[PDB]
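Comments concern the structure below.
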Amino acid sequence: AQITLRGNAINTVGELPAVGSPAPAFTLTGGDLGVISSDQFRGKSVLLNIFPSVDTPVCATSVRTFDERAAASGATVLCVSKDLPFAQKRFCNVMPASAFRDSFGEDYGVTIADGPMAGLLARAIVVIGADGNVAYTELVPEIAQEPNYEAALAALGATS
Ligand SMILES: [N+]
Ligand SMILES: [N+]
Ligand SMILES: [Y+3]
Ligand SMILES: [Y+3]
Ligand SMILES: [Y+3]
């Protein structure tokens with residue numbers, strides 16, 4: 001077999017939702033196999049912390065710290081990935097949500113299109129304001145780049 005190497009540039013299936021527009025609806029799957037619907041967060045700010053996988057015994061302080069500050073600002077934090085619900089309980093108003101059987105990755109333009117990680121969601125951050133509109137987005141452009149947590153927090157603070 002030949003190895004499908006991983007390119008430095010992140011290439012997803014689409015565009016992140018535009019800042020200022022209504023956040024696309026979603027119906028993710030929760031730990032109890034029920035639905036985590038975007039309608040459930042009406043009137044609340046939401047931080048979608050998106051990962052290729054949260055199935056790792058590692059919880060970088062950078063991630064924990066960010067999630068804690070976000071939750072402290074009054075936002076509901078969803079750690080979204082293609083991992084099945086069963087495997088999401090291993091990661092670090094903060095809960096995991098799985099996109100294994102819904103269109104979240106395509107609707108939010110974050111599904112990785114090629115390479116060894118094709119089909120998983122790219123590292124990205126989407127902040128939805130309490131008013132329901134997208135307040136901030138960042139699709140991390142390269143594989144080993146850390147998200148701009150500071151900018152996301154300023155956007156979060158602005159739409160609590
Ligand atoms: N797991
Ligand atoms: N490719
Ligand atoms: Y464009
Ligand atoms: Y509904
Ligand atoms: Y570069």
Side-chain angles (χ1 to χ4, degrees), residues 4-31 35-56 60 62-63 66-67 70-71 73 75-85 87-88 91-92 94-160:
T4 288
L5 300 171
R6 184 180 171 187
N8 190 230
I10 298 300
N11 185 201
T12 62
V13 298
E15 299 277 321
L16 284 279
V19 165
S21 68
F26 57 77
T27 57
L28 292 163
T29 300
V35 179
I36 293 184
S37 178
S38 49
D39 294 338
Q40 302 173 174
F41 306 95
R42 186 161 170 280
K44 301 182 170 189
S45 54
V46 180
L47 161 63
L48 303 173
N49 206 176
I50 308 162
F51 305 77
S53 180
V54 301
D55 187 350
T56 167
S62 53
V63 169
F66 176 62
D67 286 340
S73 75
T76 289
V77 178
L78 295 185
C79 292
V80 190
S81 76
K82 282 281 185 175
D83 302 287
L84 292 192
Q88 290 187 309
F91 199 56
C92 298
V94 175
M95 65 184 293
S98 170
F100 91 92
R101 63 175 175 210
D102 68 274
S103 63
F104 179 91
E106 297 66 47
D107 300 338
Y108 277 71
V110 289
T111 300
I112 294 161
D114 47 43
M117 314 273 271
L120 300 176
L121 309 189
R123 187 73 182 94
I125 284 175
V126 171
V127 175
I128 303 170
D131 61 3
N133 295 321
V134 172
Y136 169 94
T137 66
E138 183 194 11
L139 163 66
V140 183
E142 303 162 7
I143 56 175
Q145 191 175 305
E146 222 197 55
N148 189 336
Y149 295 122
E150 186 176 0
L153 289 178
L156 280 156
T159 60
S160 158

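Hydrogens, waters and symmetry mates are skipped; everything else that's a heavy atom, side chains included, is used. In what follows, residues are counted from 1 in the order of the sequence shown.
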ask   = Does the pair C79 and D67 meet the rule for a side chain to side chain contact (heavy atoms under 4.5 Å, CB included), with working shown?
value = CA-CA 9 Å; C79 292; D67 286 340; 3.9 Å; yes
Just distance, no hydrogens or angles: give the donor-acceptor pairs under 3.5 Å from side chains in residues 142-160, sequence neighbours left out.
unit_1, atom_1, unit_2, atom_2, d
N148, OD1, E150, N, 3.4
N148, OD1, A151, N, 3.0
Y149, OH, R123, NH2, 3.2
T159, OG1, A155, O, 3.2
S160, OG, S73, O, 3.4

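- Summarising the geometry of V134 relative to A18, their closest heavy-atom pair is CB-O, 3.4 Å, with the distance given to 0.1 Å.
- Counting heavy atoms from C-beta on, the side chains of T76 and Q40 never come closer than 4.5 Å.
- In terms of heavy-atom proximity, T12 sits nearest to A122 at CG2-CB, 3.9 Å.
- With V80 as the fixed residue, the side-chain contact (heavy atoms from CB on, under 4.5 Å) test singles out one of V110, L48, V126: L48.
- Contact between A71 and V94 at its shortest, heavy atoms only, is CB-CG2, 4.0 Å.
- Rounded to the nearest 0.5 angstrom, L28 CG and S81 OG are separated by 9.5 Å.
- Taking all atoms of both residues into account, the shortest heavy-atom contact from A25 to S38 is CA-OG, 3.4 Å.
- In this structure, CG in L16 is found 7.0 Å from CD1 in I50, a value given to the nearest 0.5 Å.
- Atom CG of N133 sits about 10.0 Å away from atom CD1 of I128, to the nearest 0.5 Å.
- Going from atom CD1 of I125 over to atom CG of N49 covers 5.0 Å, rounded to the nearest 0.5 Å.
- Taking all atoms of both residues into account, the shortest heavy-atom contact from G105 to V13 is O-CG2, 4.2 Å.
- Listed by first then second residue, pairs satisfying side-chain hydrogen bond (donor to acceptor under 3.5 Å, both in side chains) with a partner in residues 94-120 read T29-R101, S103-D107, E106-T111, not counting sequence neighbours.
- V46 has its side chain out of reach of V127: every pair of non-hydrogen atoms, C-beta onward, lies at least 4.5 Å apart.
- For the atom pair CG (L139) and CG (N11), the distance works out to 9.5 Å, reported to the nearest 0.5 Å.
- Rounded to the nearest 0.5 angstrom, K82 NZ and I112 CD1 are separated by 11.0 Å.
- Listed by chain and residue number, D83 satisfy the side chain to side chain donor-acceptor pair (under 3.5 Å) test with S53 (two or more places apart in sequence, or in another chain).
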ask   = So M95 and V77, side chain to side chain contact (heavy atoms under 4.5 Å, CB included) or not? Walk me through it.
value = CA-CA 6 Å; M95 65 184 293; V77 178; over 6 Å; no
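- Under the 4.5 Å side-chain criterion, counting only non-hydrogen atoms from C-beta, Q88 is not in contact with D55.
- No side-chain heavy atom of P96 sits less than 4.5 Å from a side-chain heavy atom of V54.
- Using cut-offs of 30° and 60° on the angle between ring planes, the pair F41 and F26 is tilted.
- What you find for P85 and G31 is that their closest heavy atoms are CB-CA, 4.1 Å.
- With a 4.5 Å cut-off on side-chain heavy atoms, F104 and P24 do not count as touching.
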